[PDB]
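Participant: Counting from 1, position 105 in the sequence shown corresponds to residue 105 in the entry's author numbering; the numbering is continuous, with no gaps. The C-beta atom is built at its ideal place from N, Cα and C for all residues, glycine as well.
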Amino acid sequence: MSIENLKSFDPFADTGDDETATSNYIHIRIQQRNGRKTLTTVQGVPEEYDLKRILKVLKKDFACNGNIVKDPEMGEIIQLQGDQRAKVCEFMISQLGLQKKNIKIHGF
(Lines of atoms letter the chains of each structure in order from A; the text may use other names.)
(Lines give C-alpha, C1' and ligand atoms only; values in the text may rest on other atoms or scores of the structure.)
Protein backbone atom coordinates (compact mmCIF):
# COMPACT_ATOMS: atom_id res chain seq x y z
CA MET A 1 0.00 0.00 0.00
CA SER A 2 1.02 3.63 -0.53
CA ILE A 3 0.21 7.05 0.92
CA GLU A 4 -1.15 9.42 -1.73
CA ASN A 5 1.48 8.79 -4.41
CA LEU A 6 -0.67 8.15 -7.49
CA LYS A 7 -1.17 10.33 -10.56
CA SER A 8 2.01 12.41 -10.36
CA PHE A 9 2.12 15.77 -12.15
CA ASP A 10 4.94 16.88 -14.44
CA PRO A 11 6.16 20.06 -16.18
CA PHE A 12 5.68 20.98 -19.84
CA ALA A 13 7.31 24.33 -20.63
CA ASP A 14 7.11 25.94 -24.06
CA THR A 15 9.18 26.64 -27.18
CA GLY A 16 10.83 29.83 -28.38
CA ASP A 17 9.72 31.60 -31.55
CA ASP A 18 12.08 33.63 -33.73
CA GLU A 19 11.63 35.65 -36.93
CA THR A 20 14.54 36.27 -39.29
CA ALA A 21 12.97 38.18 -42.18
CA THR A 22 9.48 38.22 -43.69
CA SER A 23 8.88 38.98 -47.37
CA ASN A 24 8.33 35.71 -49.22
CA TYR A 25 8.49 32.09 -48.05
CA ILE A 26 7.26 30.57 -51.32
CA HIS A 27 7.19 32.04 -54.82
CA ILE A 28 4.42 31.11 -57.26
CA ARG A 29 4.15 32.41 -60.82
CA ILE A 30 1.53 31.17 -63.28
CA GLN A 31 1.64 31.48 -67.07
CA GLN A 32 -0.82 30.56 -69.81
CA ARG A 33 -1.56 31.27 -73.47
CA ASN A 34 -5.36 31.31 -73.20
CA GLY A 35 -5.52 27.83 -74.68
CA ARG A 36 -4.94 24.55 -72.86
CA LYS A 37 -1.25 24.12 -72.05
CA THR A 38 -1.08 25.01 -68.36
CA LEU A 39 2.21 25.92 -66.69
CA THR A 40 3.10 26.99 -63.15
CA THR A 41 6.46 27.91 -61.61
CA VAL A 42 7.50 27.70 -57.96
CA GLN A 43 10.52 28.53 -55.80
CA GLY A 44 11.68 28.44 -52.19
CA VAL A 45 12.12 24.68 -51.94
CA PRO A 46 14.24 23.59 -48.94
CA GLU A 47 17.36 21.42 -49.07
CA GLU A 48 15.45 18.41 -47.76
CA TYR A 49 13.72 18.43 -51.15
CA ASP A 50 15.88 18.59 -54.27
CA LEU A 51 14.78 18.99 -57.89
CA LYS A 52 15.20 15.24 -58.38
CA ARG A 53 13.06 14.37 -55.36
CA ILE A 54 10.29 16.75 -56.41
CA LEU A 55 10.47 15.73 -60.07
CA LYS A 56 10.43 12.03 -59.19
CA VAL A 57 7.59 12.31 -56.68
CA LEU A 58 5.54 14.64 -58.87
CA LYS A 59 6.06 12.59 -62.03
CA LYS A 60 5.36 9.40 -60.09
CA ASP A 61 2.35 10.88 -58.31
CA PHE A 62 0.35 12.24 -61.25
CA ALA A 63 2.99 12.69 -63.95
CA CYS A 64 3.71 16.29 -62.97
CA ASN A 65 6.76 17.43 -64.93
CA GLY A 66 8.72 19.29 -62.28
CA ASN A 67 11.91 20.60 -63.88
CA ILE A 68 14.14 23.53 -62.92
CA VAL A 69 15.02 26.80 -64.64
CA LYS A 70 17.28 29.83 -64.25
CA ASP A 71 15.69 33.29 -64.18
CA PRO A 72 17.40 36.72 -64.13
CA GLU A 73 15.79 37.29 -60.73
CA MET A 74 17.49 34.35 -59.01
CA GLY A 75 18.28 31.35 -61.19
CA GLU A 76 16.39 28.50 -59.54
CA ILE A 77 12.77 28.75 -60.69
CA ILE A 78 11.34 25.24 -60.37
CA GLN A 79 9.06 24.86 -63.39
CA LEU A 80 6.09 22.57 -62.81
CA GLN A 81 3.78 21.64 -65.68
CA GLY A 82 0.29 20.25 -65.14
CA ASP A 83 -3.23 21.28 -64.16
CA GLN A 84 -2.56 20.64 -60.47
CA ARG A 85 -1.86 24.14 -59.14
CA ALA A 86 -3.96 23.78 -55.99
CA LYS A 87 -2.25 20.41 -55.57
CA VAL A 88 1.30 21.79 -55.75
CA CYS A 89 0.34 24.34 -53.10
CA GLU A 90 -1.34 21.81 -50.81
CA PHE A 91 1.52 19.33 -51.19
CA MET A 92 4.22 21.99 -50.84
CA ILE A 93 2.75 23.40 -47.62
CA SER A 94 1.77 20.00 -46.24
CA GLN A 95 5.30 18.78 -46.97
CA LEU A 96 7.04 21.97 -45.84
CA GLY A 97 5.30 21.86 -42.48
CA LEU A 98 2.47 24.37 -42.78
CA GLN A 99 4.53 27.18 -44.29
CA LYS A 100 2.55 30.33 -45.08
CA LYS A 101 4.59 33.10 -43.44
CA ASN A 102 4.67 34.70 -46.89
CA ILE A 103 4.15 34.00 -50.59
CA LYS A 104 5.66 35.75 -53.61
CA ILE A 105 2.99 35.69 -56.31
CA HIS A 106 3.77 36.92 -59.82
CA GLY A 107 1.41 39.32 -61.58
CA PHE A 108 0.83 38.57 -65.25
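1) For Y25 and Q99, I'd like the C-alpha separation in whole angstroms.
2) Reducing DSSP to helix, strand and coil, say where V45 ends up.
3) Of the residues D17, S8, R33, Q43, which one's Cα is nearest the Cα of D71?
4) Taking DSSP as the reference, what is the three-state secondary structure of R33?
5) For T40, collect the residues of the same chain with a Cβ closer than 6 Å to its Cβ; drop the 5 residues on either side in sequence, then sort them by chain order.
Facilitator: This is what the structure gives:
1) 7 Å
2) coil
3) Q43
4) coil
5) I30, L80, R85
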